[PDB]
Amino acid sequence: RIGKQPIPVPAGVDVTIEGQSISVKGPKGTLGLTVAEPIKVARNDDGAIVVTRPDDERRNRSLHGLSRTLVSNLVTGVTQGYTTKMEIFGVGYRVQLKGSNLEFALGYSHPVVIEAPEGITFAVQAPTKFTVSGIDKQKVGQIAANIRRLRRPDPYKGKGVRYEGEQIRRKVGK
Amino acid sequence: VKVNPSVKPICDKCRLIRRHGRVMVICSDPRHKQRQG
Amino acid sequence: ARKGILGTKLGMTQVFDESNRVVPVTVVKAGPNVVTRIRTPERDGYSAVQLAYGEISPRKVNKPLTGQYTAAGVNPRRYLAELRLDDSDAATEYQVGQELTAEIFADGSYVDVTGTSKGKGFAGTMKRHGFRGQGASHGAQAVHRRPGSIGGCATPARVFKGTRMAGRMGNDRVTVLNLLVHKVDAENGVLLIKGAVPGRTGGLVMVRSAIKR
Amino acid sequence: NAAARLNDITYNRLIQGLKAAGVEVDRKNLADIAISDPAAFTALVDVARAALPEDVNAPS
Amino acid sequence: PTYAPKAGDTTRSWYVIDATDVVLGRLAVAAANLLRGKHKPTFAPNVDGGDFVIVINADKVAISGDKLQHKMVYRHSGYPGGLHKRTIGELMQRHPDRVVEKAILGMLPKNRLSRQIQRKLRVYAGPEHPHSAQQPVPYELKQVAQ
RNA sequence: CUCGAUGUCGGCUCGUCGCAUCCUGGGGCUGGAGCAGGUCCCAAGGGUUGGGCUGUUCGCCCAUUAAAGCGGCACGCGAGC
RNA sequence: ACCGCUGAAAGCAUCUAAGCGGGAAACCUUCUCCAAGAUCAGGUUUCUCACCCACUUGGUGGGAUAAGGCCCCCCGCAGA
Ligand SMILES: [Mg+2]
Ligand SMILES: [Mg+2]
Ligand SMILES: [Mg+2]
Ligand SMILES: [Mg+2]
Ligand SMILES: [Mg+2]
Ligand SMILES: [Mg+2]
Ligand SMILES: [Mg+2]
Ligand SMILES: [Mg+2]
Ligand SMILES: [Mg+2]
Ligand SMILES: [Mg+2]
Ligand SMILES: [Mg+2]
Ligand SMILES: [Mg+2]
Ligand SMILES: [Mg+2]
Ligand SMILES: [Mg+2]
Ligand SMILES: [Mg+2]
Ligand SMILES: [Mg+2]
Ligand SMILES: [Mg+2]
Ligand SMILES: [Mg+2]
Ligand SMILES: [Mg+2]
Ligand SMILES: [Mg+2]
Ligand SMILES: [Mg+2]
Ligand SMILES: [Zn+2]
């Protein structure tokens with residue numbers, strides 16, 4: 001079903017096609033993507049994005065619903081940029097900005113610094129709460145998955161870095 | 001994981017999927033991770 | 001920025017430092033050198049610098065080798081060797097005719113010293129590879145220093161390539177790593193290098209700065 | 001087979017076309033014309049190609 | 001008396017084969033026949049007939065995705081445990097001319113005259129060859145229709 | 001297969017190879033609080049001690065060790081002892 | 001091995017089918033050594049850079065030399 005549904009475009013000032021290619025630009029930075037070769041991307045009446053396919057294969061149905069939710073991440077990620085929201089639990093654990101970087105005090109014998117790459121901006125809101133922002137959904141969630149594995153998963157005291165709202169498993173201990 | 005040539009779901013929320021050419025069981029309870037090898 | 005010099009080993013002696021410990025040094029005359037040729041990557045394919053060393057009579061050097069010095073404007077020397085640099089920024093500090101001396105090394109720096117090890121002749125297996133031999137008694141017939149077995153049986157019907165055996169030993173290029181520089185004497189042109197330096201007392205020695213530090 | 005393929009036909013179909021036209025030249029002399037007289041070998045290709053059936057894959 | 005060629009009758013020429021999308025099996029076969037002279041009607045298996053082959057663009061040959069990972073190249077040095085192995089995918093980065101040249105030299109006959117045949121083969125990686133003093137004519141792959 | 005000869009245990013000497021891994025290296029699960037473990041998966045680069053008893057292999061014992069691995073190679077190796 | 005992010009076929013979900021990461025004494029570079037007999041026999045330089053004779057006038061035979069090396073001589077911590 002996904003892929004058989006158009007892409008709503010709020011602004012999309014240069015949603016273009018140049019020989020099996022696509023680009024986007026708007027209030028934020030620009031983003032590029034190349035759809036796989038059987039899947040054609042085309043226009044609706046509103047200048048929007050509607051993708052097509054040859055019909056009923058094992059491999060063309062897969063690349064169609066895939067390549068819908070990759071093009072729509074561009075026109076969402078430029079208008080409404082993605083922010084992952086993470087929290088710090090445990091007694092004595094905290095987080096600060098050393099400039100553009102992000103230090104952690106996770107019970108180690110050294111402060112763990114995380115060098116922020118291009119396109120990613122860190123921001124804290126509390127000593128136990130912070131956010132990771134950007135425009136690319138894969139590039140944001142890759143950085144937020146590096147921070148989640150900074151400590152070993154601890155099922156006894158809950159000491160670690162988490163996503164907000166998620167519920168890790170807990171054991172009884174002694 | 002458990003590495004046994006016979007894998008099957010144990011509880012009612014174990015999915016049974018296929019990745020990288022081998023059949024494995026993922027779940028929420030971590031003692032139900034199984035694969036074939 | 002790997003510096004290097006050619007020199008002559010002069011023997012060993014001992015010296016005392018500030019903590020009143022004894023330090024076995026090995027005197028190396030890091031003599032005056034000169035460049036005579038620069039290997040550039042666009043002309044020769046790599047980056048290096050020749051170094052000429054040693055006093056010699058100008059009649060003992062033949063006409064093919066004399067003319068290689070006339071193209072550089074240097075009197076003929078005895079030895080001639082290359083210092084291998086990295087693959088970029090070749091000769092911004094080496095010119096043809098530049099005099100290199102012994103005080104390019106600082107006190108307390110580390111050096112890597114390469115020369116030719118002393119010869120030991122046709123050496124048996126207990127000296128060359130450190131075997132054990134059979135016993136000295138308890139019946140051992142004529143095998144007191146012999147290597148024993150050298151293979152299996154009908155499988156495999158061959159001695160493997162690389163089996164350790166008797167043969168000549170010495171005359172090998174041996175590099176000794178991370179030697180401490182106790183004192184450089186700029187008045188005499190002498191490095192006091194802590195430890196052992198391979199060679200007979202008078203052989204050629206290349207003293208290069210360490211990479212392992 | 002080397003000289004049939006300078007005249008865009010396989011050896012597979014040259015022997016078929018020279019039996020469908022009644023040319024009983026043996027392979028010794030057919031390989032001696034190919035070296036010594038090449039214009040007399042193109043004519044034996046055009047005899048064997050024209051005498052070949054039109055759909056060579058259709059059953060007889 | 002069938003024809004056996006004299007010395008001084010084998011006339012050689014210069015071909016150049018581009019390899020921009022050609023698989024390694026189609027190109028090693030068409031270079032092996034062209035070096036030995038199977039395409040010439042004056043063929044004799046004991047005479048080094050055949051032309052020169054210049055293979056340009058060997059870093060762009062068509063090898064599948066599952067062969068740049070799992071197809072191995074073995075050498076043995078003679079010393080025990082001296083078996084080494086490198087994948088095709090880590091030979092197509094350093095020495096891409098050796099991958100095309102190994103596929104040709106396994107398709108020549110295993111005899112003495114193939115060591116003179118393989119002296120007529122130049123394999124390069126880029127699109128540029130030094131043999132412009134000669135005039136190499138290009139050679140495209142053709143299949144005779146049947 | 002070998003009877004017009006293929007010299008057999010154990011030890012010494014020198015090896016080489018497999019991984020069904022003893023130590024060290026990387027992990028999942030745990031009836032894993034920690035420290036130590038149990039179990040499974042990945043991994044063969046190097047290391048794997050010296051004595052008492054016995055012809056011994058094996059095995060028990062002593063003092064250690066990061067550990068004192070299991071096997072193939074004519075139960076490797078007597079034109080080497 | 002194991003852990004992932006994005007993400008369908010399968011409106012959910014899933015480390016995967018397109019695509020991208022983290023990952024060990026194993027592998028490959030790095031460090032030491034041998035190595036162009038690597039017959040694809042390599043590279044940058046320097047020196048000599050020259051005569052005479054006969055014949056069946058040949059990528060022919062000889063002779064005499066340059067640059068240069070070897071033998072002999074004095075030896076070595078180099079060595080059967
Ligand atoms: Mg994997
Ligand atoms: Mg001696
Ligand atoms: Mg002894
Ligand atoms: Mg005797
Ligand atoms: Mg004796
Ligand atoms: Mg055969
Ligand atoms: Mg007999
Ligand atoms: Mg464990
Ligand atoms: Mg294993
Ligand atoms: Mg071992
Ligand atoms: Mg290694
Ligand atoms: Mg006693
Ligand atoms: Mg063994
Ligand atoms: Mg035995
Ligand atoms: Mg045994
Ligand atoms: Mg015995
Ligand atoms: Mg024997
Ligand atoms: Mg590493
Ligand atoms: Mg060398
Ligand atoms: Mg070789
Ligand atoms: Mg040479
Ligand atoms: Zn379960």
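So that the names make sense, note that chain A is the first sequence line, chain B the second, and so on, each numbered from 1.
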| message | Any base atoms under 4.0 Å from E:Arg86, or only sugar-phosphate, or nothing? Heavy atoms, all strands. | response | sugar-phosphate
| Nearest-nucleotide comparison on RNA chain G, the residue closer to the 5′ end among C:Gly45 and A:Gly65 | A:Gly65
| query | Would you find a donor on one side and an acceptor on the other, under 3.5 Å apart, between the side chain of E:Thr87 and the backbone of E:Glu90? | reply | yes
| request: Mind checking C:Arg39 for me? I need base, sugar-phosphate or nothing, with any heavy atom below 4.0 Å counting as a touch. | output: base
| message | Can you see if the side chain of A:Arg53 gets near the phosphate of G:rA9 - specifically, an N or O under 4.0 Å from OP1 or OP2? | response | no
| remark: To the nearest 0.5 Å, atom CD of E:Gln93 lies from atom CG of E:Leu68 at 8.5 Å
| G:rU46|G:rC47 base stack, centroid gap <5.5 Å, plane angle <30° | yes
| Under 4.0 angstrom, heavy atoms only, what part of the nucleic acid is A:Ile2 near: base, sugar-phosphate, or nothing? | sugar-phosphate
| remark: Per nearest nucleotide of RNA chain F, the residue lying toward the 5' end, E:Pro80 or C:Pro147, is C:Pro147
| Base, sugar-phosphate, or nothing for C:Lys63, non-hydrogen atoms under 4.0 angstrom? | sugar-phosphate
| said: With hydrogens left out and only the distance checked, is there a donor-acceptor pair under 3.5 Å joining C:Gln141's side chain and the base of F:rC81? | reply: no
| message | Tell me whether the NZ or CZ atom of C:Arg145 lies within the 45° cone about the ring axis of C:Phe131 and under 6.0 Å from its centre. | response | no
| Hey, does the side chain of A:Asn60 reach the backbone of A:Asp56 with a donor-acceptor pair shorter than 3.5 angstrom? | no
| message | I want to confirm an ordering. Mapping E:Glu101 and C:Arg200 to their closest nucleotides on RNA chain G, which one lands closer to the 5' end? | response | E:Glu101
| task | Specify the separation, in whole Å, of atom CZ of A:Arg1 and atom P of G:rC12. | result | 11 Å
| Verify stacking: G:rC55 then G:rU56, 5.5 Å distance, 30° angle limits | no
| Pair of N/O donor and acceptor under 3.5 Å linking G:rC33 base with C:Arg173 side chain | no
| query | With respect to the side chain of A:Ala145, which nucleotide from F:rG80, G:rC5, F:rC81 is positioned closest? | reply | G:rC5
| query | Can you say whether the rings of E:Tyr124 and E:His131 are parallel (under 30°), tilted (30 to 60°) or perpendicular (over 60°)? | reply | tilted
| query | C1' atom, F:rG72 versus F:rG4: distance in rounded Å? | reply | 36 Å
| query | Side chain of A:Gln142, base of G:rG4: donor and acceptor closer than 3.5 Å? | reply | yes
| query | When you check the sign of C1'-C2'-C3'-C4' for F:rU24, do you get north or south? | reply | north
| remark: Numerically ordered, the residues 152-166 of chain A set in heavy-atom contact under 4.0 Å with RNA chain F is A:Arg152, A:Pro155, A:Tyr156
| query | Can you give the dot-bracket line for RNA chain G, where a pair is Watson-Crick or G-U wobble with both atom distances under 3.5 Å, crossing pairs use [ ], and | marks a partner on another strand? | reply | .(((...............)))............................((((.....)))).................
| field | Side-chain H-bond candidate by donor/acceptor type, E:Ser114 with E:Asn111, under 3.5 Å | value | yes
| Just checking C:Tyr69: base, sugar-phosphate only, or nothing, at a heavy-atom cut-off of under 4.0 Å? | nothing
| C:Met169 backbone acceptor or donor facing C:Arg128 side chain under 3.5 Å | no
| Is there a donor-acceptor pair closer than 3.5 Å between any side-chain N or O of E:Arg86 and the backbone N or O of E:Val73? | no
| field | RNA chain G-proximal residues of residues 203-213 of chain C, any heavy atom under 4.0 Å | value | C:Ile211, C:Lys212
| message | Expected output is a numbered-order residue list: members of residues 161-172 of chain C with a heavy atom under 4.0 Å from any atom of RNA chain G. What is it? | response | C:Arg168, C:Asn171
| note | If positive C1'-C2'-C3'-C4' means north (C3'-endo side) and negative means south (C2'-endo side), then G:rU60 is north
| request: From the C1'-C2'-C3'-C4' angle alone, say whether F:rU56 leans north (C3'-endo side) or south (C2'-endo side). | output: north
| query | Could you write nucleotides 5-11 of chain F as a row of B, S and -, 5' to 3', where a protein heavy atom under 4.0 Å of any base atom gives B, of only sugar-phosphate atoms gives S, and otherwise -? | reply | -------
| Separation between the P atoms of F:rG28 and F:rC42, rounded to whole Å | 15 Å
| message | Taking A:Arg169's backbone N and O only, do any of them form a donor-acceptor pair with A:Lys171's side chain (distance below 3.5 Å, no angle check)? | response | no
| said: Does C:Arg43 contact G:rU44 through a side-chain donor or acceptor facing the base, at a distance under 3.5 Å? | reply: no
| Just by distance, do the side chain of A:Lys137 and the backbone of A:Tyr82 share a donor-acceptor pair under 3.5 Å? | no
| Between B:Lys2 (side chain) and B:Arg31 (backbone), is there a donor-acceptor pair under 3.5 Å? | yes
| said: Would the distance check show the side chain of A:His64 and the main-chain N or O of A:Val51 forming a donor-acceptor pair, the cut-off being under 3.5 Å? | reply: yes
| said: With rounding to the closest Å, how many angstrom separate the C1' atoms on F:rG76 and F:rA5? | reply: 23 Å
| message | Using the side-chain heavy atoms of B:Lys33, tell me which of these nucleotides is nearest: F:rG80, G:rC3, G:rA17. | response | G:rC3
| Do F:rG52 and F:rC60 make a Watson-Crick or G-U wobble pair, both distances under 3.5 Å? | yes
| request: With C1'-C2'-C3'-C4' as the criterion (positive north, negative south), name the sugar pucker of G:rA54. | output: north
| Side-chain donor/acceptor of E:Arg119 to backbone N/O of E:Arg115, under 3.5 Å | yes
| field | Shortest side-chain distance from C:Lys118, nucleotide among G:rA78, G:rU16, G:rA18 | value | G:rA78
| remark: Sugar pucker at G:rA26, from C1'-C2'-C3'-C4' (positive north, negative south), flagged north
| request: Using a cut-off of 3.5 Å for both contacts, decide if F:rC81 and F:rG11 are a Watson-Crick or G-U pair. | output: yes
| message | I'd like to know if B:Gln34 reaches the base of F:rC40 with its side chain, counting only an N/O donor and acceptor under 3.5 Å. | response | no
| message | Using a 4.0 Å heavy-atom cut-off, does C:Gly119 contact any base of the nucleic acid, only the sugar-phosphate backbone, or nothing at all? | response | sugar-phosphate
| Contact class for E:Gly81 (heavy atom, under 4.0 Å): base, sugar-phosphate, or nothing? | sugar-phosphate
| request: Sticking with atom P, work out how far F:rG32 lies from F:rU21, rounded to a whole angstrom. | output: 24 Å
| request: Working to the nearest 0.5 Å, report the span between OG1 of C:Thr66 and NZ of C:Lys60. | output: 13.5 Å
| Hey, does the side chain of C:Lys9 reach the backbone of C:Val197 with a donor-acceptor pair shorter than 3.5 angstrom? | yes
Side-chain donor-acceptor pairs under 3.5 Å in residues 71-84 of chain C, sequence neighbours left out?
from    : atom 1 : to      : atom 2 : distance (Å)
C:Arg77 : NH1    : C:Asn75 : O      : 3.2
C:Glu82 : OE1    : C:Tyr46 : OH     : 3.1
C:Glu82 : OE2    : C:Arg39 : NE     : 2.5
C:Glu82 : OE2    : C:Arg39 : NH2    : 2.9
C:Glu82 : OE2    : C:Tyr46 : OH     : 3.4

| task | For C:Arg146, report the nucleic acid contact type (base, sugar-phosphate, nothing); a contact means any heavy atom under 4.0 Å. | result | sugar-phosphate
| Across the strands shown, which category fits C:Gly202 at heavy-atom distances under 4.0 angstrom: base, sugar-phosphate, nothing? | nothing
| message | Counting distance alone, no hydrogens or angles: does the base of F:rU13 have a donor or acceptor under 3.5 Å from a partner atom on the side chain of C:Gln134? | response | no
| task | Taking atom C1' in both G:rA24 and F:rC41, compute the distance separating them and give it to the nearest angstrom. | result | 14 Å
| note | For F:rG37, the nucleotide meeting Watson-Crick or G-U wobble distances (both under 3.5 Å) is F:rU30
| said: Heavy atoms from C-beta onward define the side chain here; which of G:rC15, G:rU45, G:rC47 lies closest to that of C:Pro64? | reply: G:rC47
